[PDB]
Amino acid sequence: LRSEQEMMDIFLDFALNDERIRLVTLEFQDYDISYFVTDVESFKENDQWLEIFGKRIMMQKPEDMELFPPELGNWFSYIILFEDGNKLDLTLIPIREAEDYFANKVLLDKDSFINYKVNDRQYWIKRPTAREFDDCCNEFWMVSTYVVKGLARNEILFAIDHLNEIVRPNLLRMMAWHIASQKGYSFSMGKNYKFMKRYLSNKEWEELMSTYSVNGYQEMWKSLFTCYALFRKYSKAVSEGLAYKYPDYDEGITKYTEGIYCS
């Protein structure tokens, strides 16, 4: 079967662990993937490393055929028809040719040498600038007050939509920026943050999981405060690592929602 989720995980996960793969790009359910690598010939040694993607019905290597001359420059691709029914089209482009390529949807960049494209900038993650950093905190805490007012005014649905759509998503960006700090990579969270489980450790996923709680007004306050706790943690971690000023939004809003939560 293998859902579009499971398939993407495999390709993204593969690239992440392979040191020759520096950049990954995307584009019927067919998959169009491109790995920009350091040593193209390395992959060409043999076809064992391909077994990781699963059992296949058959495969075609367009630039390695006698009957059909190769004419895809320095590329080398594979067309695979998987047993589960999925079809993949994987191209191996030399990393040195990324610039040319770009010029005339990136998923992962391990070096970030080049600068480039974007309604997807919503999911794009890379080292924040002092300003971008401040922006994430500004939005987080500000929209956060909407959730407070929602719960205090009996508009739990109003509160829930802002929590799900803005507050938690910014906590995630903050966490992604932290991960990006470790490695120094740039990547996408994917449509609806679908790739985040593939970046967070199990501890970090459990923390994010803990921001979800069953229905109820009090359960909501809990979810919100949990996001608070985690946002401080990661924004402090990030601000500290890049030497950016820690905002005062935390403190200001903490006093605020505390004022309303109690009295």
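Residue numbers here begin at 1 and follow the sequence given.
A.B. asks: Please classify the coordinate gap between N104 and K105 in terms of deposited residues: none, 1 to 3, 4 to 9, or 10 or more.
C.D. replies: Going from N104 to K105, the model skips 4 to 9 residues of the deposited sequence.
A.B. asks: Checking chain continuity here. Are there deposited residues lacking coordinates between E27 and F28, and if so is it 1 to 3, 4 to 9, or 10 or more (or none)?
C.D. replies: Going from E27 to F28, the model skips 10 or more residues of the deposited sequence.
A.B. asks: Looking at the deposited entry, does 230-238 or 215-223 carry the larger mean Cα B-factor?
C.D. replies: Taking the mean B-factor of the alpha carbons in each, 215-223 is higher.
A.B. asks: Identify the stretch, either 106-114 or 140-148, whose C-alpha atoms have the larger mean B-factor according to the entry.
C.D. replies: Mean B over CA atoms: larger for 106-114.
A.B. asks: Considering only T129, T91, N192, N86, which residue's Cα atom bears the greatest B-factor as recorded?
C.D. replies: That would be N192, according to the entry.
A.B. asks: Could you look up the Cα B-factor of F76 in the entry and say which third of the chain it sits in: lowest, middle or highest?
C.D. replies: Top third by C-alpha B-factor.
A.B. asks: Mind checking which third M174 falls in for C-alpha B-factor across the chain?
C.D. replies: CA B-factor rank for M174: middle third.
A.B. asks: Taking the entry's C-alpha B-factors for this chain, is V37 in the lowest, middle or highest third?
C.D. replies: It belongs to the lowest third of the chain when residues are ordered by C-alpha B-factor.
A.B. asks: By its CA B factor, does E155 count among the lowest, middle or highest third of the modelled residues in the chain?
C.D. replies: As the PDB entry reports it, the C-alpha B-factor of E155 lands in the highest third of its chain.
A.B. asks: Mind checking which third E99 falls in for C-alpha B-factor across the chain?
C.D. replies: It falls in the top third of the chain.
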